[PDB]
Every structure is written in C-alpha cells, then in structure tokens.
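Here is what each chain is made of, one letter per residue.
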Protein chains: 2
Amino acid sequence: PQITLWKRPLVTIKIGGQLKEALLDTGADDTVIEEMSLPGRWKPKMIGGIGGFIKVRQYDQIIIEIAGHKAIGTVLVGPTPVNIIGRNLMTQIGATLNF
Amino acid sequence: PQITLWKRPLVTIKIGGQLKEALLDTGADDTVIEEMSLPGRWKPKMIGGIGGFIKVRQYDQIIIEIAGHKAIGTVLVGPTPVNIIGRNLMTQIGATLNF
Ligand SMILES: CC(C)CN(C[C@@H](O)[C@H](Cc1ccccc1)NC(=O)O[C@H]1CO[C@H]2OCC[C@H]21)S(=O)(=O)c1ccc(N)cc1
Ligand SMILES: [Cl-]
Ligand SMILES: [Cl-]
Ligand code: NA
C-alpha cells in the first residue's frame, strides 16, 4: 500500500503465532515488541529513546508477517509502550518514504 | 525523493536560519528538536517514548524547511536525543510510506 501519515501507521503483524498491532516506525532502528515469549536463544540489550533506556531481550532470526509480507530478523522484546516495527524489518518488505 | 530505510532517513532542515539534521520519523506524532531558541510564546507538553516521558516546550506556527520543502507548524523543543520530524510536519511535505 501507500500509507499516509495523517494517523499513526499501524499495521497487523503475526509473530510467534500471535496477531498484534504495530507501528511502522522509520525512526526506530530496531523492532521492539511488548513482552511475549519467543523461541530460542536471546541476549540482553539496552535501547534508548525519548525518555531514556529500557532493557530488552534480543531474539535473532525471528519471522514476522507484516501486513501480509514475510520478513526475518532481529526482534527486541521488552517494556515498550507500543509495538514498533523498525527499519531492520521494514527494509525487508521494501518500505520507502516518498515525497 | 524515494528514501529507503537501510540507513537512518536523515534530512537537512532549516529553522531560525540554521541548518540542522533531523530524522524522518513515522513513529513520532510530533516534531521534537533539541534545545534551541525559537520566537514567541510556548506552552507545556509531555511526550512519551521508549524510556518514559519528557517535558518539552511547544512552539506553534514555526517556519521550518524539511528536505527543501516548506512547512509551518508545531515544533517541540526539549531533550530529545536526535532531532525528529514527526507526522505533523511530514504530512505538510506530502510524505507517505510505501511498500
Ligand atoms: C526517538 C527515536 C529516535 C527512537 N524511537 C522511535 C520513535 O518513533 C518513537 C516510537 C514510540 C511511539 C510511542 C511511544 C513510544 C515510542 N516515537 C517517539 O518517541 O515519538 C514521541 C514524539 O511524538 C510522540 O508520538 C509518539 C510518542 C511521542 S524509540 O521508540 O525510542 C526506539 C529506539 C530504538 C529502537 N530500536 C526502537 C525504537
Ligand atoms: Cl535484523
Ligand atoms: Cl531496496
Ligand atoms: Na533466534
């Protein structure tokens, strides 16, 4: 699609067998999801934004379906106030900003 | 232009006669820039990101060039780690997300 920015660019994702809503966020380097279980190994990470840092679990090689488009990559899991799809996965679905 | 997301989508802005770099950020409702002087009165605002909230100064009807496009609108000033152009001004320059 072409998604205008009058409202938050929310999309449906599928991750870990679960359907969720997430924000397409060009200002996020990494994808960060609210607490949930994911399979395999993880390692701890700190990520920072406005407000400061939160501690997250970094899971690699996670498949996510984003608006119907499959992508694989790193997913960070932790106490984010919103599920955010970052550039690491947006590149994989061919997302661009146009003006 | 068409901006891919392999790198941070940084653009040049001009505000108060000064060039700055800023991030086109679809996950930001609001434009928030690092401390600087702007004309007129400001109003209080709290914004919440990853990390928690911060207090900012809200300036309305500020003239700002973004990647060579004129916008006039609300600019928040506060301790953001990076200058961020949010949806409020990205809509003024006609930006969309496409995939
Ligand atoms: C501040 C940016 C440089 C970085 N952020 C992404 C940004 O899009 C967040 C993403 C976001 C969105 C909602 C809540 C928390 C974080 N937006 C944000 O803080 O926007 C604030 C300004 O406008 C407001 O509208 C949204 C909250 C306000 S971040 O959420 O801190 C972040 C940092 C690292 C990663 N990997 C992923 C996300
Ligand atoms: Cl990745
Ligand atoms: Cl590409
Ligand atoms: Na893994």
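A. View of the site of ligand 1. Around ligand 1 lies a shell of 21 residues, among which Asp25, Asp30 and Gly49 of chain A together with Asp25 and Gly48 of chain B are the nearest. The backbone of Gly27 of chain B places a nitrogen or oxygen atom 3.2 Å from a nitrogen atom of ligand 1. Contacts to ligand 1 include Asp30 of chain B, whose backbone N or O atom sits 3.3 Å from an oxygen atom. With the chains in place, 91% of the 710 Å² that ligand 1 exposes on its own is no longer accessible.

B. Structural view of the interface of chain A and chain B. Tallying the contact residues gives 40 residues for chain A and 38 residues for chain B. Considering only the surface of chain A that becomes buried against chain B, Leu5, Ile50 and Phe99 of chain A emerge as the three largest contributors, covering 26% of it. On the surface where chain A and chain B come into contact, there are two salt bridges. Between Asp29 of chain B and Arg8 of chain A there is a salt bridge, and its shortest N-O distance comes to 2.7 Å. Across the chain A-chain B interface, the total number found is 19 residue pairs in polar contact. Listing elements by their share of the side of chain A that touches chain B, those giving two or more residues are β1 (2-3), β3 (18-24), β5 (43-49), β6 (52-66), α1 (87-90) and β9 (96-98) of chain A. Class assignment of the residues belonging to the side of chain A that touches chain B gives a composition of 20 nonpolar, 15 polar and five charged. Summarising the sheet, β9 of chain A and strand β1 (residues 2-3) of chain B pair through two bridges and their orientation is antiparallel.

C. Region of interest: the environment of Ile66 of chain B. All names here are of chain B. Take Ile66: it is sitting in strand β6 (residues 52-66). A residue is classified by how much of its surface remains accessible, and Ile66, at 0% relative accessible area, is buried. Taking the C-alpha atoms as reference, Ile66 lies 9.4 Å from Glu21; in sequence the two are 45 residues apart. Setting aside residues up to four positions removed in sequence, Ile66 forms contacts with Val11, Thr12, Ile13, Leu24, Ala71, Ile85, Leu89 and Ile93.

D. Structural context of the nonpolar core. By size, the foremost hydrophobic cluster in this structure holds 48 residues, and its most contacted members are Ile66 of chain A together with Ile66 of chain B. In terms of nonpolar packing, the next biggest core, distinct from the first, is built from nine residues, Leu23, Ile47, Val56 and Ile84 of chain B among them.

E. Looking closely at the side chain of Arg87 of chain A. If you trace the backbone, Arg87 of chain A turns up in helix α1. What makes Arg87 of chain A buried here is its relative accessible area of 9%. Within the structure, the side chain of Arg87 of chain A is placed 2.8 Å from the side chain of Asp29 of chain A, a separation counted as a polar contact. The contacts of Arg87 of chain A, once residues within four sequence positions are left out, are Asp25, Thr26, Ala28 and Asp29 of chain A together with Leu5, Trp6, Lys7, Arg8 and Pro9 of chain B.

Rules used in this analysis
Residues numbered from 1 in each chain as written, not as in the entry; some residues may be left out. Chains lettered and ligands numbered in written order. Heavy atoms only, no water. Near = heavy atom within 4 Å. Polar contact = N/O pair within 3.5 Å; in protein donor to acceptor, adjacent residues only side chain to side chain. Areas by Shrake-Rupley, 256 points an atom, 1.4 Å probe, with all protein chains shown as cover. Contact = heavy atoms within 4.5 Å. Buried area = accessible area lost by both parts, 1.4 Å probe. Salt bridge = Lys/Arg side-chain N within 4 Å of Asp/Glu carboxyl O. Helix = DSSP H or I, 4+ residues; strand = E, 2+ residues; numbered from the N terminus. Nonpolar A, V, L, I, M, F, W, Y, C, P; charged D, E, K, R; others polar. Pairing = 2+ DSSP bridges. Buried < 20%, exposed > 50% of the residue type's maximum accessible area, 1.4 Å probe, protein only. Core = buried A, V, L, I, M, F, W, Y, C linked by side-chain atoms within 4.5 Å.

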